[PDB]
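Spelled out from the first residue to the last, the chains are:
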Amino acid sequence: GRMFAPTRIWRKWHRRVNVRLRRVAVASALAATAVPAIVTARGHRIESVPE
Amino acid sequence: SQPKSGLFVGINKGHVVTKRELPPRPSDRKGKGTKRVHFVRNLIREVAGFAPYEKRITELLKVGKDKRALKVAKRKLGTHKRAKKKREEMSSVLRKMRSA
Amino acid sequence: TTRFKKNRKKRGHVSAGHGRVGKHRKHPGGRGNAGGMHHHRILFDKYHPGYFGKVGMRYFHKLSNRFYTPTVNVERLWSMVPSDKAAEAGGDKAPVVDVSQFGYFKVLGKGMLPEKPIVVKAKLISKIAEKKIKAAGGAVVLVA
Amino acid sequence: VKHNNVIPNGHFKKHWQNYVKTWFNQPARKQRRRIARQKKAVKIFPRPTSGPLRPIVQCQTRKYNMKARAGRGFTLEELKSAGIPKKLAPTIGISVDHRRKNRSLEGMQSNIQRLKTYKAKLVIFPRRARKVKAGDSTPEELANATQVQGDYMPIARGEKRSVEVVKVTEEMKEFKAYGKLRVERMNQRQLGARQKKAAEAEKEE
Amino acid sequence: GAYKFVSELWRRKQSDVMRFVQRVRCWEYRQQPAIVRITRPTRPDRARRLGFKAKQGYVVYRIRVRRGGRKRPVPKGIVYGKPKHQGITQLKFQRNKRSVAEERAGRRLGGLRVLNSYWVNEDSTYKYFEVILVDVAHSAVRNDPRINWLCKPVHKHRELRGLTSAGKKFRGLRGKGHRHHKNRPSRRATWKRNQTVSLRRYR
RNA sequence: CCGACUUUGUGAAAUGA
RNA sequence: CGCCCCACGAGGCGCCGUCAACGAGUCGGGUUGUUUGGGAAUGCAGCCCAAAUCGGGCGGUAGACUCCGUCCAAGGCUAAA
RNA sequence: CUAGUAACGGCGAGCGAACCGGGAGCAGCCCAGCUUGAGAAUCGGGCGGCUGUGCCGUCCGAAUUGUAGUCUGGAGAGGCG
Ligand SMILES: [Mg+2]
Ligand SMILES: [Mg+2]
Ligand SMILES: [Mg+2]
Ligand SMILES: [Mg+2]
Ligand SMILES: [Mg+2]
Ligand SMILES: [Mg+2]
Ligand SMILES: [Mg+2]
Ligand SMILES: [Mg+2]
Ligand SMILES: [Mg+2]
Ligand SMILES: [Mg+2]
Ligand SMILES: [Mg+2]
Ligand SMILES: [Mg+2]
C-alpha cells in the first residue's frame, strides 16, 4: 500500500535568507578566518604557516 | 483643444502640455458614403422594393403619426438609435415621392 | 525540523495528546466557517463583529489607480531637502520642494516644523498643512 | 473554527494538487534564455542586442502618469518629421507603431531628438560590397563597428529630484492655496447647476 | 463591377424578388440530399469575399442542417442528479449551425480542407449553407501562395477543431477587450492558468 | 393539451375599425 | 574574395486637390438556456425581429438629449517568449 | 504585482478575474470590392526537352457567374517633380 502522507515534490526545498544577512554572515566568516585559534580549533594543521 | 488647467482637481483638471491638432487619418472618412455606393444602393432599392415593416412606416408617416411610426420601427429594428434614423430615411423617401 | 515537533514527545502516550474521552475525529465542528450564524455564533459575534451582512454601495470595476493618494506629513518635509541646500538659505530665501518628484501627491499636516521657511510645491494640501507652513513662514505652490 | 484568528480564505477545495506548478526549472529557463540570447547576438551581429529603437512615452493611469517608459514605436508623424520613410524605418532598427497618436509637442520633440540621435550614431552597411548608395556609410568608419550590448539609449523614469532655493514673496504668502483648491471643487460640483440656469436664461430672456 | 449590385440585392432579403427566388431555391434544396456537390457558388460575391476563387481545387458543397436547440439525449428525460441539471427541453448547443454544417462536410469529405461556409437559404426546419472546400493535393492549390498556408499539416480538420469563421464566432474570439479576455488562447487554457498554484522556489 | 411566431403562398366575401 | 553593373518598370520622398468604393440572416434587439467575477444580463447558443453609409461598436447601472475620448467588426496567414 | 482585491453568493459556505506597472520576446502581413479591354495578361493536365523540389515548347482543358496584376484604411487611386 501507500506510505503515510506521501512525500511530494512541492516541499520547501530552497529556503531564503536576507541578502544583508548573507553579507553579514560572510563578514563574520572572513573575520573568523583571521584568528589562528579559530582555524586550529576548526581542524587545520597550522604550526608552520608564517603569518 | 486648449490644454488642461494645470491644477490637479476641478474643471478641466490635469497637467499642462501644449496640445496639438491631429493630422487627418484614413477611417475618419469611415462610413462617409461615396458616389458609386450611393448609386448602387439607390438603384437596387426600388428594384428590390421595400420590406413590409418599412411599408408600414411609409403608411404611418403619410398618415402623419410619427410617434407610432418610430414605435413600430423600433420594435422591428431593435434600438432607438437606428429606429430614429430609419424613420428619417423613410420620411426622406416620402418627401421624395411627394415632391412629384 | 521534525526532530522538534511535539508529536515526537507524545510518542508512547496512547492518545498523541488529543484526549481519551473526546477523541480526534475528522471535523466535529464542520469544514471551515461552518455554522457562523448557528453554533459558532458565539465566536463570530465575539471576535469578528460585523462579519455578516452588506453595508455600503457597490462600485463596479474599481481600479486602485483611481484612488491613489500617497501622502506625507509636514514633519518629514525637511528630511527631503539636503543639508547643503538647507545651508544655502536664509530668512527670506527658502528651498522649494516638489513632493511629486518624491512620489507624494498630498501633503498632510502632522507634527512640528522648524522655524526655517520652506516652499512646498505639491498637488494637494490640507488646511492644517497650509496653516503650519504659513505660520512657519513658508508658502504653498499648487502644481500638477 | 476556534480561538481568535482571521476568517480563513483557503481556496483549496478543488483538485489543486493536479495543478501545482513547481519552479525547479527556473535555473533551466535562465540558462536557456541566456543561450538563446548568445545565439541571437551572434546572428544579428553587429546589430544592437536590445533590438530596434523605442520611444520615450508617458504611462497611463494617474498612479503612473508622470513616469516615462519605453513605448512600442515611433508614430508616423514622428518618422515623417524626422525624415525617415514609413516602410524603411523598421528596416534600419527603428520600430514603428501606427496606432499611437501624438497629442503633444512635448512628446513629439522629445522623440524627435531620439530619432536624430539614432541617425547621428547609426551606421549602415551597403547591401552589396563596393556599391555605396545614398544612406550608406563609409568603409573607413564601417571597419570599427561593434555590437553594443545592453541599453544603448537609457530612459529616465522620473525627472530628477532637484530642489533649488528661492525667495518667499509676500503675494506668495497671501495665496490661500486650500481655499483655491476648494473653489474649483465647488465649481466642478456646481457645473451642471450653473449651465442649466444659463440654458433657460437664454431660452426665456 | 457587379458584385456591389449583387451584394446589395442579397442585402435586401425581404424584398419580393428575393422572397420568390429564395422560396424556389428552398424547395429545390429540400428535394435533394443533405450534402450535395454544387458546381459553382450561388452567391459569387459572398463566396469571393471569403476567399473563393474560380480556380480548380476550390469546390463548393451545399450542406443542410436541422434547426432548433439541442435536446438532451438521455433515456427517458431522466437525468440522475440534483434538480439544477435536470432539464431537457430548453438547452442550446454551444456550436452554431454554420459550424455544425462545416463539421458535417469535413467528416464526410476527408481529402479536402474546409475554408469557409456561408448562409444561402433558410426555412422553418432546415438551414442550407454553402461550404467552400479546398483540395490541397491539387497542384493549382500548391502553386497559389495565397492558399499554400492551408496545405501545411497544422491545418488539419480546422472545422473539427474550431478554427474557421464560425469556429471563432462560437469560441467567442470576436472581441478583444474585456467581455472577451477569458477566451484567449482558450477558455480552458485560461482556466488552467488561473488554477495553477504557483509555488516559487524561494516562496 | 392547447396559444402565438415560423415553413406560410393565392383571391373572395361578410362583419370591426 | 570573382565575374556579372543596377531604370526608363516599380518603389520612396515633396505638392495638389478630385475621387476615395472597406466583408449581411452579419451586426444589432427581444426571449430562453448555459456560462462568467461581469452585477437592468460576461461570452456563447436556439427561435423571432433585422439594419445602417453625415454611419457602426465601445467608454463595466437600464433610459432619452447634448458634447467629448476611442476603434472599424461580420475574410485569411504569422515565428519568439 | 494588481489580489484573495472590485465583483459574484440561500451576501451563508465560499468564489474571484481584469486595467495600470515591471519583466521574457517582440514582425507584421494579404485578400474581396471601381480600375487590360487595341489584348486572360492567369492556372492545371498529357506529351517532349533540359539544367531538374523547377524551367521551357506544343496540344487540350479550367476560366469572363472573373484567373493574374494594383489596393487593404497606417491607406490608396490619379497628376507634376
Ligand atoms: Mg500523560
Ligand atoms: Mg494537543
Ligand atoms: Mg483513542
Ligand atoms: Mg473537544
Ligand atoms: Mg463526550
Ligand atoms: Mg437554529
Ligand atoms: Mg475533494
Ligand atoms: Mg455545458
Ligand atoms: Mg446570459
Ligand atoms: Mg490563426
Ligand atoms: Mg495587498
Ligand atoms: Mg466557479
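Numbers on residues come from counting from 1 along each chain's written sequence, not from the entry itself, and any residue without coordinates is not displayed. Both sets of labels track the order of writing: A upward for chains, 1 upward for ligands. Each value listed here was derived from the chains shown, which are themselves a piece of a larger assembly. The side-chain figures draw on all heavy atoms in the structure; neither hydrogens nor water molecules are used.

## Details of the UniProt feature "binding site: Mg(2+)" (unreviewed entry) in chain C
All names here are of chain C. Let me state the cut-off plainly: UniProt positions are given in the numbering used here, feature names are shortened, and annotations may be inferred rather than shown by experiment. Here a helix means four or more residues in a row that DSSP labels H or I, a strand means two or more in a row labelled E, and each is numbered from the N terminus. Each residue gets one of three labels from its accessible area relative to the maximum for its type: buried under 20%, exposed over 50%, partly exposed in between, using a 1.4 Å probe on protein chains only.
Within this numbering scheme, the UniProt entry marks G17 as carrying the feature "binding site: Mg(2+)" (unreviewed entry). Mapping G17 onto the fold places it in the segment before α1 (41-47). Note on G17: relative accessible area 55%, which makes it exposed.

## Points about the protein's contact with RNA strand G
Inclusion rule: Any residue with a heavy atom positioned within 4 Å of a molecule or strand is treated as near that molecule or strand. Counting of polar contacts relies on pairs of N or O atoms within 3.5 Å, with two restrictions inside protein: one atom must be capable of donating a hydrogen and the other of accepting it, and residues adjacent in sequence are counted only when both atoms are side-chain atoms. Residues are sorted three ways: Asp, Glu, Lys and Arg are charged, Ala, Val, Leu, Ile, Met, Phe, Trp, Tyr, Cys and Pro are nonpolar, and all the rest, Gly among them, are polar.
Within the structure, RNA strand G sits among 76 residues, and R82(B), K84(B), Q14(E), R46(E) and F93(E) are positioned closest to it. Here the atoms of RNA strand G within 4 Å of the protein split so that 66% fall in sugar or phosphate, with bases taking the remainder. Contact distances for RNA strand G include 2.6 Å between a phosphate oxygen and a backbone N or O atom of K35(B). Taking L50(E), its main chain carries an N or O atom lying 3.3 Å from a sugar or linking oxygen of RNA strand G. Those elements that provide at least two residues to the surface near RNA strand G are α1 (35-48), α3 (66-77) and α4 (80-98) of chain B together with α1 (3-11), α3 (44-49), α4 (97-108), β3 (113-122) and α8 (165-171) of chain E. By residue number, the principal contributor to the surface near RNA strand G is α4(B), which donates 6 residues. Of the residues contributing to the surface near RNA strand G, the split by class is 12 nonpolar, 24 polar and 40 charged.

## Focus on the protein's contact with RNA strand H
Close to RNA strand H lie 57 residues; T61(D), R72(D), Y3(E), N143(E) and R146(E) are nearest. Between RNA strand H and the protein, one listed contact pairs a base nitrogen with a side-chain N or O atom of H11(D) at 2.8 Å. In the environment of RNA strand H, a phosphate oxygen lies 3.2 Å from a nitrogen or oxygen atom belonging to the side chain of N194(E). When residues of the surface near RNA strand H are traced back to their parent elements, those giving at least two are α1 (26-43) of chain D together with α1, α3, α5 (139-142) and α9 (187-195) of chain E.

## A closer look at unusual backbone geometry
Of note, the amide linkage connecting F45(D) to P46(D) takes the cis form, showing an omega dihedral of 5°. Tracing the chain through its elements places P46(D) in the loop between α1 and β2 (56-58). Along the chain, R184(E) connects to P185(E) via a cis peptide bond; the corresponding omega equals -5°. Within the secondary structure, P185(E) is located in the loop between α8 and α9.

## Some words on the arrangement of the chains
Under the convention used in this document: Throughout, a contact is declared for two residues whenever any of their heavy atoms are within 4.5 Å.
For the 7 pairs of chains in contact, the maximum contact count is reached by chains C and D. Taking C-alpha atoms as the reference, chain A and chain B come no closer than 40 Å and do not contact one another.

## Here's the deal with the packing of helix α2 (residues 52-63) of chain B against α4(B)
Residues and elements named next belong to chain B. Applied cut-off: Note on method: axes are straight lines fitted to C-alpha atoms, helices fitted across the in-contact stretch only, with angles between N-to-C directions ranging 0 to 180 degrees. In this scheme the handedness of a crossing depends on how the near helix is turned from the far one: anticlockwise by less than a right angle means left-handed, clockwise means right-handed.
Remark: α2 packs on α4, axes separated minimally by 10 Å, with the N-to-C direction vectors making an angle of 65°. Relative to α4, the crossing made by α2 is right-handed. Across the interface between the two elements, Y53, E54, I57, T58, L61 and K62 of α2 pack against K86, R87, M90, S91, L94 and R98 of α4. Of the residues in the contact of α2 with α4, the class split is 5 nonpolar, 2 polar and 5 charged.

## Notes on the packing of α2(B) against α3(B)
Residue and element names in this part refer to chain B. The following threshold applies: Roughly parallel means an angle under 35 degrees; roughly antiparallel, over 145; roughly perpendicular, 65 to 115; everything else is oblique.
One way to put it is that α2 packs onto α3 with a least axis distance of 8 Å and a crossing angle of 170°. In this view, α2 runs roughly antiparallel relative to α3, as classed from their interaxial angle. Here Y53, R56, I57, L60 and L61 of α2 come into contact with α3, specifically with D66, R68, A69, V72, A73, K76 and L77. Considering only residue class, the contact of α2 with α3 consists of 8 nonpolar, no polar and 4 charged.

## Quick look at the nonpolar core
For the record, the criterion: The criterion is simple. A nonpolar core is a set of buried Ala, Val, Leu, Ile, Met, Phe, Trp, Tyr and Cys residues joined through side-chain atoms within 4.5 Å.
With 28 residues, the main nonpolar core has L77(C), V99(C), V107(C), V120(C), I125(C), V140(C) and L142(C) as its most contacted residues. Counting only elements with at least two residues in this core, the list comes to α2 (77-80), β4 (119-122), β5 (124-125), α4 (127-136) and β6 (139-142) of chain C together with α6 (177-204) of chain D. Ignoring sequence-local partners within four residues, the contact set of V99(C) consists of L77(C), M80(C), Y104(C), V107(C), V120(C), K121(C) and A122(C). If you look at the next biggest cluster of nonpolar residues, it comprises 20 residues, including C26(E), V36(E), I132(E) and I147(E).

## Description of the interface of chain D and chain C
In many reports, interface size means the accessible area that the parts give up when they come together. We count it as follows: The quantity reported as buried area is the accessible area (1.4 Å probe) lost by two parts once they are put together, taken as the sum for both. Should a side-chain nitrogen of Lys or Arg be within 4 Å of a carboxyl oxygen of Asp or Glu, the pair is scored as a salt bridge. Whether two strands pair comes down to DSSP finding at least two bridges between them.
Tallying the contact residues gives 31 residues for chain D and 42 residues for chain C. Across the chain D to chain C interface the summed buried area is about 3300 Å²; carbon plus sulfur atoms make up 62%. Linking chain D with chain C are 1 salt bridge. The residue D92(C) makes a salt bridge to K167(D) at a minimum N-O spacing of 2.8 Å. In this assembly, chain D and chain C are joined by 10 residue pairs in polar contact. Elements represented by at least two residues in the side of chain D that touches chain C include exactly β4 (165-167), α5 (170-173) and α6 of chain D. Looking at the side of chain D that touches chain C residue by residue, the classes come out as 14 nonpolar, 5 polar and 12 charged. Inspection of the sheet shows strand β2 (residues 93-98) of chain C paired to β4(D) by 3 bridges, in the antiparallel sense. Paired with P95(C) across the two strands is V165(D), which belongs to β4(D).

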